[PDB]
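Asks: This one's a deposited entry, sequence included:
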Amino acid sequence: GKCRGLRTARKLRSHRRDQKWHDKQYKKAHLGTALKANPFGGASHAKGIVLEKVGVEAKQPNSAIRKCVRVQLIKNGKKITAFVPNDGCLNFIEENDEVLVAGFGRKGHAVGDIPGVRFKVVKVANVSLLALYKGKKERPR
Amino acid sequence: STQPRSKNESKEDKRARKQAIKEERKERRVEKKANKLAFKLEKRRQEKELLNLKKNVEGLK
Amino acid sequence: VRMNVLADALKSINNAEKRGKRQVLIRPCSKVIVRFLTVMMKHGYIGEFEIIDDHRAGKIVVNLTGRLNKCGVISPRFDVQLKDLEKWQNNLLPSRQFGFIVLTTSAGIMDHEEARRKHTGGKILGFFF
Amino acid sequence: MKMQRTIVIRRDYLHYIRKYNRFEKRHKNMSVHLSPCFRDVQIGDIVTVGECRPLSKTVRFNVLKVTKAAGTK
Amino acid sequence: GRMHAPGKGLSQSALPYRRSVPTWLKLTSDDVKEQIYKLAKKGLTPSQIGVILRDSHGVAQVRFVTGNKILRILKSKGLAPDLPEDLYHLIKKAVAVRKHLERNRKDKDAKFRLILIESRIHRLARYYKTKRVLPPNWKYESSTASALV
RNA sequence: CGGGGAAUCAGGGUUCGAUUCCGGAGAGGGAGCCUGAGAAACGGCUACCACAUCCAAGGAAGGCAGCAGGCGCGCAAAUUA
RNA sequence: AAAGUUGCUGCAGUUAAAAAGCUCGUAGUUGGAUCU
RNA sequence: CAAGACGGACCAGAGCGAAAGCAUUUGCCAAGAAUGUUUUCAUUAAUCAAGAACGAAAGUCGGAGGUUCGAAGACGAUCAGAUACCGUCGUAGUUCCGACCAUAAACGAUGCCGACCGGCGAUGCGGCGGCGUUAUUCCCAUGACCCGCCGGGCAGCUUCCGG
RNA sequence: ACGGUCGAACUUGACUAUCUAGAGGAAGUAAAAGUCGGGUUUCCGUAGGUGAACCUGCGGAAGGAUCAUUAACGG
């Protein structure tokens, strides 16, 4: 079993940290290899340039084409794919456009039908997609 | 060597035949290790290519 | 090997109480075991016992009353201060009305209530209820 | 007792860890000056030392008295 | 259980409660002590002396009659050996196993049992060094062991 | 940067603490000084390294991690009162 | 925090993830009564 | 007649060994458990990072030897498409000696030491107590059985102990 | 001005680490309906058979579905 002596403190804490390294979330947070593979680089949001528009095919039980965008982030040059949520909202996006992107909700994990998309478009040309969709504001170019 | 080992063979024939067999096995294992290495390298590069296709250049437009 | 003879004695008492028996033989004997049984006797929990005085470590046969639920040891013998005795009696005891932390202090082996009365702390030995 | 007129002693203690409520064994070595008035000092006997001013790069204490080992007559 | 075996046996002595010398035993402590002295002069370990005294002379326990145990009497007069009895027997057993392994090289079980005997020798030597019975510079070495016996 | 401390929490714990209080360090980077009770000081000096201002082309003058303010950087932060 | 899914309090290790092929052995940890 | 191999049946839920494993006779060699002891020492202990011995089969180096079997390999059959199965031969190997390797479903898919909590009678070894049958009634002990009891074992059955 | 001291930094090779252009090679992807077309109970370790899978050899497991017989042995 466990050691329960009055002098077993360093054995307990050493075994604790060694088996702490076997925790998946702990190893994601503390090893520092997931943070450098993360394109946002420990940021809630990133801002990039639209490279192209992509139709991503939905996974097996669902049949749909999800309108996504290949973006290159400004601060590190990495390339990501971001989902444009509502219907007709890809038409508000043009090529070589300035776009604010956030994660999609599962912390770097792909969500739902879309294979390999962790990000969603929040703002297009420094105006929100919500205000464009609801028709509150107009978009410059 | 694909030859029967009869009874009349003595020393300096049996040992030479055995040494030839041992050499055949030796370069045979060397070639086997080289094949393992080449197939491993090819599998790593094709998995890299498949993951690159998963990340980008896969869509309609 | 046999370490902590108090743990063996308390486990034997618990196991034969759970079985419904009337008497328990526990070997070896010690001063700590006799003091623990004296404390546990004064609260009417166990009954009265004989120390079979062989020339080795003695034996004890203790009568059993059906009033015991659980008697137990705490290993290791942690240091308990009066500021920390409330947490121990919250952790180990089923209720605030009954149950007993036995502890050894420089005033002797006693209960947590007598330790509060005499304003002393010590090292924990057990609990029974 | 190998360098000239100073010795290395070891002080042992238990450091408390609050999470596990336990202890760990720790030690520290000290170089302390040993005067020639304490001769026939052996290895493994208890020494009482007193703090003084720095005497070298590492020596800060000085041997005050020597009590022999538990087994040594 | 055993130190180096899987066995957990119960074969041992059981002294009685009665520490008093039996009334039929018409031997004083001095007679038993001189008997111990002459048996040691004949040359016997204290186990052998105790067995001879128990079997033939009717002495149930030496320390119940004389008040002192055999090896302390031998040390007090001065016939105690320099190395202890059990350590001597272990070293002798190790020497015999080493001789067998010198004769027979492929005997792996003899090597394994020799390793166990050396472990027991080192344990006893450490214990005797703590009690200042052996000198602190004492050591068991592979080559010069048969000289000690 | 370290503490005082903060969030959360039955009990035990986990995590945060650049940030107004105390202590340390440094003024683009290193190095050497003068004065002085006190500085290896930079709203003092002298160099080299990197930047960069005015030139009549010989020379001269620099140091906002002070207050506002500007550029840049970025998901990210205010008035030259 | 939920997470007794890092478990000191307080987790697991037949079949679900898991006990080293086996033994010896140093440091470490723990160590039977007994003295008003 | 010779060669190398292998020790069947007896052979069991029997035994021994740390495990891997271990079965022809006899002799020699050192070990070992258990039991028995009113022997001796008197805490000398348990579990163990580092370190160290042993570790099936297969495989690799040197030598010896190759009976059987036999990966590879060569043939013969078999079919819309057969290239695994099947049969004959057969190399490394399978055997021994000396060096390496340190792996198995290396299994009880169950760490070791210690304590307590139901029962029963078979077996292995040792010890104890016995009325009897047998060594052609044995002259006394001793071996083989028979009835119990104790200690350590390999296992079994039974149970609504508790999980 | 000689000398000493503290010492920024400069040059030369090695060990490197980073930034930044590249002829070429090997690829994949979107565009061409263009041309030709039966075996296995389940495994483990090692070795061979073209790398893996799979098969075979050697040694191991069950994590694989026990029916029937068994009181005499003395003359």
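Replies: Now that the structure is in, tell me what you want to look at. Numbering: from 1, shown residues only, chains lettered A, B, ... in the order given.

Asks: Every contact and neighbour count from this point should use C-alpha atoms.
Replies: Will do.

Asks: Just say helix, strand or coil for residue A:3.
Replies: State at residue A:3, reduced to three classes by DSSP: H, G, I helix; E, B strand; the rest coil: coil.

Asks: which ones are touching it?
Replies: By CA atoms under 8 Å, 6 or more residues apart in numbering or on different chains, residue A:3 lies in contact with residue A:12.

Asks: Over to it: give its phi and psi.
Replies: phi -80, psi 140 (degrees, to the nearest 10).

Asks: Distance-wise, check it relative to RNA strand H.
Replies: Distance of residue A:3 to RNA strand H, computed by CA to the nearest atom of the strand, to the nearest Å: 9 Å.

Asks: Repeat that for residue E:31.
Replies: For residue E:31, the distance to RNA strand H - CA to the nearest atom of the strand - is 15 Å.

Asks: Within the helices and strands, which one has that residue?
Replies: Element membership for residue E:31 (DSSP states H and E) is helix E:29-42.

Asks: How about residue D:32?
Replies: Residue D:32 is part of strand D:22-33 when elements are defined by DSSP H and E.

Asks: Could you do residue D:14 as well?
Replies: With DSSP H and E as the test, residue D:14 turns up in strand D:6-17.

Asks: Run the contact check for that strand versus chain C.
Replies: No. Strand D:6-17 does not reach chain C (CA under 8 Å from any CA of the partner chain); its nearest approach is 12.0 Å.

Asks: secondary structure class for residue C:124?
Replies: On the basis of three-state DSSP, residue C:124 is classed as strand.

Asks: Would you confirm that it contacts residue C:92?
Replies: No. Residue C:124 is beyond contact range of residue C:92, at 11.4 Å (criterion: CA atoms under 8 Å).

Asks: The two: who's more crowded?
Replies: Ranked by neighbour count (other CA atoms under 10 Å in any protein chain shown), residue C:124 and residue C:92 place residue C:124 first, with 25 against 17.

Asks: quick one: contacts for the closest residue to that one other than its chain neighbours?
Replies: Leaving aside its chain neighbours, residue C:124 sits nearest to residue C:103 (4.3 Å; criterion: CA to CA, 6 or more residues apart in numbering or on different chains). For residue C:103, the contact set (CA under 8 Å, 6+ apart) comprises C:109-112, C:122-126.

Asks: Just give the nearest non-adjacent residue to residue 117, would you?
Replies: Looking at chain A here, since you left the chain open. Residue A:117 sits nearest to residue A:110 (CA to CA, 6+ apart), 5.3 Å away.

Asks: should've been chain E
Replies: Using CA to CA, 6+ apart, the nearest residue to residue E:117 is residue E:94, at 6.3 Å.

Asks: now for the contacts of residue C:103, which pair is the farthest apart?
Replies: Checked with CA to CA, the contacts of residue C:103 reach their widest spread between C:122 and C:126, with 12.2 Å between them.

Asks: So which residues of chain C form helices?
Replies: Counting by DSSP state H, the segments of chain C that form helices are C:5-19, C:31-42, C:85-92, C:112-117.

Asks: okay, these, which one's buried deepest?
Replies: Of all the helices of chain C, helix C:5-19 carries the top mean neighbour count, a mean of 18, counting by mean count of other CA atoms under 10 Å in any protein chain shown.

Asks: hmm, it in reach of RNA strand G?
Replies: Yes. If you take CA under 7 Å from any atom of the strand as the test, helix C:5-19 does meet RNA strand G, through residue C:5.
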